[PDB]
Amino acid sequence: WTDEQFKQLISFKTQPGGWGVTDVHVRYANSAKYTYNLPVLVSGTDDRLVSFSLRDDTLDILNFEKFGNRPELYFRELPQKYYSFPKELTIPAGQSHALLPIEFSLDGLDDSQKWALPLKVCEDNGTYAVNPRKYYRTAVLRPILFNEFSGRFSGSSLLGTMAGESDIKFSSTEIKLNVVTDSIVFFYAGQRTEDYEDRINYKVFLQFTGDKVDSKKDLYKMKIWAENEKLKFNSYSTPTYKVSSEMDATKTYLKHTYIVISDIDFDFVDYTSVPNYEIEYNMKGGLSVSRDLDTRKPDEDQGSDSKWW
């Protein structure tokens, strides 16, 4: 075996993040459809018949190596109904690049879970089973849903207290709004995040309606609710929101988009943090997002200052 013999074979060309995955940004509009083009490289006379397959052992290894014995943090294999990709491609002689188009169709995807699609490239040649990690034979794609109202919101003004009192008990600097549809999101009550094992129990849904509070003003109505009856969710006001944008004064291609949610006020119970006990809490206040968007780039190519990711 030689380094050059393995550097004449085919690989994927991605820049994966800290958790070993490549994020694929997918807008949830009327549908949640996006074709992601995964780059293929030939590091070195004949046409190549390349095969692509779901790699059945990748996630179990990546999950343990990144998260240890914490199954609540693990990536789950994205079910087959959510994607399609060709199993084969011909790379002509003289061409050192190719693209694997993956069509994602994520309507109804549960955004409380971390999904991943592990893919390996091969030539049907046992040399693809040697040092597969070193030679980037496998890519792991993580779909990130987004809509106009989703992502990393400021949470410091959404104050957690005991029910009946105003003494501050908890708050979070960031509260992520996860996607359900183009207008419905959810966040987690009681400081829960994507990293909490019991997070589904604390889901609080928000719906951004297109209805004005007052025809003369630009406040818009919302719905707020919970599905978990054990939360004993009880809201005292329907939230409202305002959406505004302005172009930056000096970077004239840069758009600032603001969403401010107000009038959140609900009681809920934390029945899982404390052994054999229940805490009656309340969250009151609001949420906000301030996005920086480079209007010269597609939405999916925005950086994290977009706050969608």
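Quick note: we count residues from 1 along the sequence shown, nothing fancier.
Coordinates are given for every residue of the deposited sequence from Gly68 through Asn69, so that no gap is recorded there.
According to the PDB entry, the deposited sequence runs on from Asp110 to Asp111 with no residue lacking coordinates between them. Per the PDB record, of the two stretches 110-118 and 68-76, 68-76 carries the greater mean B-factor over its C-alpha atoms.
When 32-40 is weighed against 263-271, 32-40 comes out higher, by mean CA B-factor as recorded in the entry.
As recorded in the PDB entry, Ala93 shows the highest C-alpha B-factor of the residues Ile200, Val140, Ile184, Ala93.
Within the group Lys169, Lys176, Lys217, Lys223, the record's highest C-alpha temperature factor is found at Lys217. Per the deposited record, the Cα B-factor of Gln15 falls in the highest third when ranked against the other modelled residues of its chain.
In this PDB entry, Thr2 carries a Cα temperature factor that places it within the highest third of its chain's modelled residues. Per-chain ranking of the deposited C-alpha B factor places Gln302 in the lowest third. Among the modelled residues of its chain, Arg192 has a C-alpha B-factor that falls in the middle third according to the deposited record. Among the modelled residues of its chain, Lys251 has a C-alpha B-factor that falls in the highest third, as given in the PDB entry.
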